[PDB]
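A lone chain, given as structure tokens: the form deposited in one PDB entry.
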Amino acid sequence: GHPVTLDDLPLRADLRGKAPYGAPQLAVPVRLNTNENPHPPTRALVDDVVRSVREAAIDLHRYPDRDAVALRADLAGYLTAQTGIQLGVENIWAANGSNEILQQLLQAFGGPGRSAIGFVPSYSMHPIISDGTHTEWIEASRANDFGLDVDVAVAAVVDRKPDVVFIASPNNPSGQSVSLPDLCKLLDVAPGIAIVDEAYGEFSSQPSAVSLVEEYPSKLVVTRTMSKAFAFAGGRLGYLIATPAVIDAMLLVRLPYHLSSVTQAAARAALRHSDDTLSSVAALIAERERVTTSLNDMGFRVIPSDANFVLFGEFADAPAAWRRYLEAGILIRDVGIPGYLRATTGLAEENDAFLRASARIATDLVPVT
């Protein structure tokens, strides 16, 4: 007769009529819509991953190291070297992407009866994971320049007393880092925890927010990923930096053995080539400034970025423009900001192609006053 549908299943009412996350598939020539490193791993990196996976592969019949100690120590070491801030294993917690880190953090510190705040436009997954963990999502507005409006942000935290304060720095999708003084103002008033999502920290010209953990150990958690600068999006590894008591809190919410032996071994291999991979950052940053200068030169408004992408406009109709970029063979991202789109910084050839299409597409800019 009729196959059973989702309507026929006893799904939660609060999940009814919702669509799954994710843009539909597209294998088109130029993809600059997810903030991936465009430089594939080097042969030497691939060999080290492979050798580390081969080593662990002989004991696949056994459960992996539950607490992933060696990985966490290697993350501590990388980040110590990277920021001059002294960190060890006990300050680090890892999981399958930042997504899972955020989920774990909201289970421990948000969840039912609790709330989280974001300053918008910011990162799409923050409200989605809040929703997923049944944490109330609250919004306050960034400034007209897309940067933080710190008085508005502070007033909202004071008024609403959210359990979790989200701050993305460099922000996605505008690319702007939050100044440390703005950060400290929020930290001062946040009553629960603050999560500073430093997914783009490696690309940024200002100190890591890990420098502040010592100053705010009962509130501050910093998150990083291996998905962007580290060119390890395929391996799904994110981590957090905090006071050791936060690690104990993660042990209460994490699914035991969440990190596989394969994943732990591969990530360790990626970290042993950190210097090799992060050498790119220089070139990507250069390319991002070349793109920015060229778009500016052509009459586009471009938000200055501290990350590996660019938010730019102002289109009279941003989705129409996004469709035109598509017709030219360029996949960039519509992040739901009226009049703006977000273009990931790619290989030179890909950026050249983005710019060539933008030259033609500049005719759909809002006319000037």
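Throughout, we count residues from 1 along the sequence that is shown. If you superpose the two forms and keep the largest set of C-alpha atoms that fall within 1.5 Å, you have the rigid core.
Here the subject shifts to the form deposited in another entry, a form of this protein not shown in this document.
The comparison between the shown form and the other one, aligned on the rigid core, picks out a single residue among 248, 90, 289, 214 whose CA moves by 2 Å or more, and that residue is 289. With the core held fixed between the shown form and the other one, residue 77 has its Cα displaced by under 2 Å.
In this overlay on the rigid core, residue 111 has a C-alpha that sits less than 2 Å away from its partner position between the shown form and the other one. The two forms, fitted on the rigid core, differ between the shown form and the other one by less than 2 Å at the CA of residue 176. Shown here is a form in which the CA atoms of residue 283 and residue 82 lie at least 3 Å farther apart than they do in the other entry. Legend note: Cα of residue 96 to Cα of residue 129 is at least 3 Å farther in the other entry than in the depicted form.
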